[PDB]
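Student: Can you keep this structure in mind? I'll have questions shortly.
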Amino acid sequence: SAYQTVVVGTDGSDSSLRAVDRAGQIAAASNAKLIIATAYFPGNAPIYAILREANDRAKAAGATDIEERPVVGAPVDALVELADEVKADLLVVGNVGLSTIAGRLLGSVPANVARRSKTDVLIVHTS
Amino acid sequence: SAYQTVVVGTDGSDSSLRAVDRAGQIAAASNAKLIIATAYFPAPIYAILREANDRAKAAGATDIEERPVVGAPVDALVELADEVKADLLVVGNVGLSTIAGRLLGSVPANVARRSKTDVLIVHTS
Ligand SMILES: Nc1ncnc2c1ncn2[C@@H]1O[C@@H]2COP(=O)(O)O[C@H]2[C@H]1O
Ligand SMILES: Nc1ncnc2c1ncn2[C@@H]1O[C@@H]2COP(=O)(O)O[C@H]2[C@H]1O
Ligand SMILES: [Cl-]
Ligand SMILES: [Cl-]
């Protein structure tokens with residue numbers, strides 16, 4: 001059953017843009033819609049700079065159906081909620097934060113996304 | 001450039017066979033080889049792997065290897081992915097969102113953290 005809708009979270013980090021490269025490849029192969037999301041607490045010119053570069057990276061990896069979503073709020077909430085809202089088949093994040101003791105105990109975006117998601121989660125090895 | 005070598009872990013559970021189903025489909029769509037791995041301690045095992053092969057085929061995959069590996073699930077999956085130069089490791093989600101899991105460890109969380117490859121955690125339960 002092919003992925004139809006893939007959501008990828010980027011904060012503009014090089015690590016995260018690697019997560020976008022991969023989501024873009026997976027989307028192009030599944031023939032899926034890719035949704036690039038960037039969560040932020042709000043001026044807001046850099047959020048759209050992040051989304052256009054992510055778009056360019058995803059398009060270079062093959063994706064052709066790409067949507068950009070600037071989302072107001074915290075990263076975990078914004079990605080999980082977005083994924084429920086668009087009925088995403090897959091949610092993609094990088095792995096920054098997964099290995100520190102403080103991230104394991106206090107939280108990180110990939111770990112909390114993995115725990116909270118009701119869909120498949122791809123954790124791209126970006127660091 | 002796609003994923004070319006996909007590893008999926010199964011213990012024979014129905015939940016882990018849904019992870020095999022998804023890995024099969026990804027392998028098909030990517031044009032990759034699928035490796036089906038079952039970690040154990042010292043054969044139920046070939047029964048398990050034959051079911052998994054059947055499911056993976058049903059899913060579109062054709063280039064399949066069965067690989068039984070000795071040891072604990074996380075160690076065996078992570079070492080195998082290293083040895084076979086896996087581009088993607090696929091596991092199901094049992095234990096991931098439970099406190100028992102934070103306390104005893106879960107396969108998916110430990111794999112996500114310790115693998116050196118992309119990890120797809122399938123929402124199998
Ligand atoms: N502000 C954000 N918006 C969307 N996703 C984010 C944000 N911050 C962190 N993430 C995700 O968490 C990931 C942690 O590792 P990466 O930097 O490789 O990639 C990151 C993104 O996928
Ligand atoms: N002995 C094992 N061999 C390989 N993979 C395992 C083993 N035990 C658990 N797993 C993996 O961890 C996942 C936990 O959820 P599932 O049962 O959906 O799918 C399981 C497998 O992918
Ligand atoms: Cl560690
Ligand atoms: Cl719990």
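Ligands are numbered from 1 in the order shown, residues from 1 within each chain, and chains are lettered A, B, ... in the order they appear in the structure tokens.
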Taking only C-alpha atoms and all ligand atoms into account, report as a JSON list (two decimals) with C-alpha atoms, in the first residue's frame which residues have an atom no farther than 10 Å from an atom of ligand 4.

Tutor:
[["chain", "number", "residue", "atom", "x", "y", "z"],
["B", 95, "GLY", "CA", 6.96, -0.94, 23.31],
["B", 96, "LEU", "CA", 7.90, 2.48, 21.94],
["B", 97, "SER", "CA", 5.28, 4.68, 23.65],
["B", 98, "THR", "CA", 4.99, 2.77, 26.93],
["B", 99, "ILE", "CA", 6.59, 3.43, 30.30],
["B", 100, "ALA", "CA", 7.48, -0.30, 30.48],
["B", 101, "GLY", "CA", 9.47, 0.50, 27.32],
["B", 102, "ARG", "CA", 11.30, 3.47, 28.80]]

Student: Please extract the residues of chain B with a backbone DSSP assignment of helix (DSSP H, G or I) and present them as number ranges by chain.

Tutor: B: 14-30, 44-58, 73-83, 99-104, 107-114

Student: May I ask you to write as a compact mmCIF listing (two decimals) with N, CA and C atoms, in the first residue's frame all residues lying at most 10 Å from ligand 1, with only C-alpha atoms and all ligand atoms counted?

Tutor:
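So out06.txt came out as:
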# COMPACT_ATOMS: atom_id res chain seq x y z
N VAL A 7 5.01 13.73 5.30
CA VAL A 7 5.31 14.96 5.98
C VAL A 7 6.73 14.97 6.51
N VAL A 8 7.48 16.04 6.21
CA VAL A 8 8.84 16.19 6.68
C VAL A 8 8.99 17.50 7.39
N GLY A 9 9.66 17.44 8.54
CA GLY A 9 9.93 18.60 9.38
C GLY A 9 11.33 19.07 9.16
N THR A 10 11.48 20.36 8.86
CA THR A 10 12.77 21.01 8.83
C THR A 10 12.82 22.28 9.68
N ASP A 11 13.89 22.49 10.45
CA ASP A 11 14.18 23.77 11.12
C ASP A 11 15.24 24.63 10.39
N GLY A 12 15.57 24.29 9.16
CA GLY A 12 16.60 25.02 8.45
C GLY A 12 18.02 24.53 8.68
N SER A 13 18.20 23.62 9.64
CA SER A 13 19.49 23.02 9.87
C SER A 13 19.94 22.16 8.71
N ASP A 14 21.26 22.09 8.45
CA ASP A 14 21.83 21.18 7.42
C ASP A 14 21.43 19.76 7.71
N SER A 15 21.47 19.35 8.97
CA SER A 15 21.02 18.01 9.37
C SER A 15 19.60 17.81 8.88
N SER A 16 18.74 18.79 9.18
CA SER A 16 17.34 18.61 8.80
C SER A 16 17.14 18.57 7.27
N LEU A 17 17.95 19.30 6.53
CA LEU A 17 17.80 19.32 5.10
C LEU A 17 18.15 17.97 4.49
N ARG A 18 18.97 17.20 5.19
CA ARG A 18 19.23 15.83 4.80
C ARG A 18 17.98 14.99 5.00
N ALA A 19 17.21 15.27 6.05
CA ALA A 19 15.94 14.63 6.25
C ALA A 19 14.98 14.96 5.11
N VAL A 20 14.97 16.21 4.66
CA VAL A 20 14.20 16.60 3.49
C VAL A 20 14.65 15.86 2.16
N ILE A 36 6.36 19.86 3.35
CA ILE A 36 7.48 20.30 4.15
C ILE A 36 6.93 21.25 5.21
N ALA A 37 7.18 20.94 6.47
CA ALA A 37 6.70 21.75 7.58
C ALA A 37 7.84 22.35 8.43
N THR A 38 7.68 23.61 8.81
CA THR A 38 8.62 24.26 9.68
C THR A 38 7.81 24.90 10.80
N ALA A 39 8.09 24.44 12.02
CA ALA A 39 7.37 24.97 13.18
C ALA A 39 8.15 26.14 13.69
N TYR A 40 7.47 27.18 14.13
CA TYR A 40 8.15 28.31 14.75
C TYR A 40 7.20 29.09 15.72
N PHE A 41 7.77 29.73 16.74
CA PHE A 41 7.07 30.72 17.63
C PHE A 41 7.40 32.14 17.10
N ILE A 47 11.56 31.99 8.06
CA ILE A 47 10.80 30.74 7.95
C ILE A 47 10.54 30.44 6.50
N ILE A 50 13.81 29.12 4.83
CA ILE A 50 13.89 27.69 5.16
C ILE A 50 12.96 26.87 4.27
N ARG A 69 4.42 24.26 4.50
CA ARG A 69 3.52 24.65 5.61
C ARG A 69 4.28 25.33 6.77
N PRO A 70 4.28 26.67 6.84
CA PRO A 70 4.79 27.34 8.02
C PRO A 70 3.81 27.11 9.13
N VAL A 71 4.20 26.51 10.24
CA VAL A 71 3.27 26.19 11.31
C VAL A 71 3.65 26.91 12.59
N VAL A 72 2.67 27.56 13.21
CA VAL A 72 2.90 28.29 14.48
C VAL A 72 2.78 27.31 15.62
N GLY A 73 3.79 27.27 16.49
CA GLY A 73 3.81 26.33 17.59
C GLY A 73 5.15 25.54 17.72
N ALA A 74 5.13 24.55 18.61
CA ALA A 74 6.35 23.88 19.00
C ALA A 74 6.52 22.75 17.99
N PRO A 75 7.77 22.26 17.82
CA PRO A 75 7.96 21.34 16.75
C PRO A 75 7.16 20.05 16.90
N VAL A 76 7.17 19.44 18.10
CA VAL A 76 6.54 18.13 18.22
C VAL A 76 5.01 18.17 17.90
N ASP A 77 4.38 19.10 18.59
CA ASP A 77 2.96 19.40 18.41
C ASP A 77 2.69 19.72 16.94
N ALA A 78 3.48 20.60 16.35
CA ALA A 78 3.14 21.00 14.99
C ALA A 78 3.22 19.81 14.02
N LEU A 79 4.23 18.95 14.16
CA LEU A 79 4.42 17.84 13.21
C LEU A 79 3.37 16.74 13.42
N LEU A 91 5.67 10.30 8.43
CA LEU A 91 6.25 11.49 8.96
C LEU A 91 7.77 11.32 9.07
N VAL A 92 8.55 12.25 8.53
CA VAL A 92 9.97 12.13 8.50
C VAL A 92 10.64 13.23 9.34
N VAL A 93 11.58 12.80 10.17
CA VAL A 93 12.43 13.67 10.96
C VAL A 93 13.88 13.18 10.92
N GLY A 94 14.84 14.07 11.12
CA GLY A 94 16.22 13.67 11.47
C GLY A 94 16.32 13.25 12.90
N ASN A 95 17.55 12.95 13.33
CA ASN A 95 17.81 12.26 14.57
C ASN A 95 18.52 13.08 15.58
N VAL A 96 18.71 14.36 15.31
CA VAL A 96 19.49 15.20 16.20
C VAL A 96 18.79 15.18 17.51
N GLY A 97 19.52 14.89 18.57
CA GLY A 97 18.97 14.93 19.91
C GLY A 97 18.66 13.57 20.52
N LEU A 98 18.61 12.52 19.68
CA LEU A 98 18.22 11.23 20.17
C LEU A 98 19.22 10.58 21.07
N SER A 108 13.30 15.08 23.02
CA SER A 108 13.83 15.60 21.79
C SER A 108 12.75 15.50 20.77
N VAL A 109 12.84 16.30 19.73
CA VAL A 109 11.87 16.24 18.65
C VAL A 109 11.72 14.87 17.99
N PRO A 110 12.82 14.20 17.60
CA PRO A 110 12.55 12.89 17.03
C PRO A 110 11.95 11.86 17.99
N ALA A 111 12.46 11.75 19.22
CA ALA A 111 11.95 10.79 20.15
C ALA A 111 10.47 11.07 20.49
N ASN A 112 10.12 12.35 20.67
CA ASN A 112 8.77 12.65 21.13
C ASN A 112 7.82 12.47 19.95
N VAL A 113 8.26 12.84 18.77
CA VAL A 113 7.48 12.55 17.57
C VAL A 113 7.20 11.04 17.41
N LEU A 122 9.80 7.85 9.92
CA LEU A 122 11.14 7.60 9.45
C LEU A 122 12.06 8.58 10.21
N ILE A 123 13.05 8.00 10.86
CA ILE A 123 14.10 8.74 11.49
C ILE A 123 15.30 8.63 10.64
N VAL A 124 15.62 9.71 9.94
CA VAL A 124 16.75 9.77 9.04
C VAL A 124 18.02 9.97 9.84
N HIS A 125 19.09 9.19 9.57
CA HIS A 125 20.33 9.32 10.34
C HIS A 125 21.09 10.55 9.84
N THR A 126 20.91 11.69 10.45
CA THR A 126 21.44 12.93 9.91
C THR A 126 22.57 13.43 10.75
N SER A 127 22.77 12.81 11.89
CA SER A 127 23.88 13.19 12.80
C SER A 127 24.35 12.01 13.67

Student: Ligand 3: which residues are within 8 Å, counting only C-alpha atoms and all ligand atoms? Reply as a ChimeraX atom specification.

Tutor: /A:99-101 /B:113-114

Student: Can you write out the residues you just picked, keeping N, CA and C atoms, as a JSON list (two decimals), in the first residue's frame?

Tutor:
[["chain", "number", "residue", "atom", "x", "y", "z"],
["A", 99, "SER", "N", 20.48, 10.94, 20.98],
["A", 99, "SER", "CA", 21.41, 10.18, 21.73],
["A", 99, "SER", "C", 21.88, 10.85, 23.06],
["A", 100, "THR", "N", 21.62, 12.14, 23.29],
["A", 100, "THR", "CA", 22.11, 12.77, 24.51],
["A", 100, "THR", "C", 21.30, 12.29, 25.70],
["A", 101, "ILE", "N", 21.92, 12.29, 26.89],
["A", 101, "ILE", "CA", 21.21, 11.85, 28.07],
["A", 101, "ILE", "C", 20.09, 12.85, 28.39],
["B", 113, "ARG", "N", 18.23, 4.81, 17.94],
["B", 113, "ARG", "CA", 19.34, 5.51, 18.53],
["B", 113, "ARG", "C", 20.67, 4.90, 18.11],
["B", 114, "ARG", "N", 20.75, 3.57, 18.01],
["B", 114, "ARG", "CA", 22.07, 2.92, 17.84],
["B", 114, "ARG", "C", 22.42, 2.59, 16.38]]

Student: Could you please extract the residues within 10 Å of ligand 2, counting only C-alpha atoms and all ligand atoms, and hand them back as number ranges by chain?

Tutor: B: 7-20, 36-41, 45, 67-77, 89-96, 106-111, 120-125

Student: Which one is closest to chain B: A:118, A:51, A:56, A:33? Count only C-alpha atoms.

Tutor: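 Looking only at the distances to chain B, the closest residue turns out to be A:118.
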
Student: Give me, as a compact mmCIF listing (two decimals) with C-alpha atoms, in the first residue's frame, all polymer residues having an atom no more than 10 Å from residue 1 in chain B, counting only C-alpha atoms and skipping those fewer than 2 positions away in the same chain.

Tutor:
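Wrote selection.txt, looks like this:
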# COMPACT_ATOMS: atom_id res chain seq x y z
CA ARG A 22 15.35 11.61 2.02
CA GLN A 25 13.34 10.64 -2.55
CA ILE A 26 10.71 8.55 -0.78
CA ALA A 29 9.39 6.81 -5.46
CA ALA A 61 15.71 14.60 -5.03
CA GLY A 62 12.86 13.89 -7.34
CA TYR B 3 17.39 2.85 -0.81
CA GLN B 4 19.13 -0.35 -2.21
CA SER B 30 12.88 1.46 -4.43

Student: Return the single residue from B:46, B:58, B:35, B:66 that is closest to chain A, with distances computed using only C-alpha atoms.

Tutor: B:58

Student: Which is closest to residue 67 in chain A among A:103, A:34, A:120, A:28, if we use only C-alpha atoms?

Tutor: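 Closest to residue 67 in chain A, using only C-alpha atoms: A:34.
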